[PDB]
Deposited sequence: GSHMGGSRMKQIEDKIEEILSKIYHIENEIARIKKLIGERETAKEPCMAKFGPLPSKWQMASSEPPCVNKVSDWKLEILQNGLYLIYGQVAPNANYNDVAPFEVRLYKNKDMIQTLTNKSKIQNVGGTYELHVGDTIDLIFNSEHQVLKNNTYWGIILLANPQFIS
């Protein structure tokens, strides 16, 4: 009868250890990435995105993303944000620092790219763009 009690106590300790493991994991528990400003390249925080090349990223998780950034201006001025082949934003103003992005549903395999007409039209040390995953509902 002592042995039973002692065997239950051993089982209880083990469950408590398991629980503290679950709690540790809960305490630890969004996906984001940013390119630039140079000299910084891709910075990230399963991944929802994969860097492709400078200024260009690939989406690895279906979902609702917010894209953000700024282009600092330094041949007509033109900076374009692309989703795959579709131009999704064009920046045209050479005087002011301009915001880039918006909220987009994106699917596995999509790419996002920020392309400069002339590389030297832009102050690469105050120009950057990033992305954050807001949600991944089943319907996307």
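- Positions of the deposited sequence absent from the coordinates, in order: 1-7, 37-45, 62-64, 94-99, 166.
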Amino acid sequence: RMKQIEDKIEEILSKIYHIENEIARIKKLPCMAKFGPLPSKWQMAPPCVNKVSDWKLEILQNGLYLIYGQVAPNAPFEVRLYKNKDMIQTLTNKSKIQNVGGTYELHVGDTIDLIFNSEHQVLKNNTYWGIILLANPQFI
From here on, numbers count along this sequence of modelled residues.
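- Between 123-131 and 14-22, it is 123-131 that carries the larger average Cα temperature factor according to the deposited entry.
- The mean C-alpha temperature factor is higher for 77-85 when 62-70 and 77-85 are set side by side.
- Between the residues 30, 37, 101, 109, it is 30 that shows the highest Cα B-factor in the PDB record.
- Ranked by C-alpha B-factor against the other modelled residues of its chain, residue 93 falls in the highest third.
- For residue 115, the recorded CA temperature factor ranks within the middle third of the chain's modelled residues.
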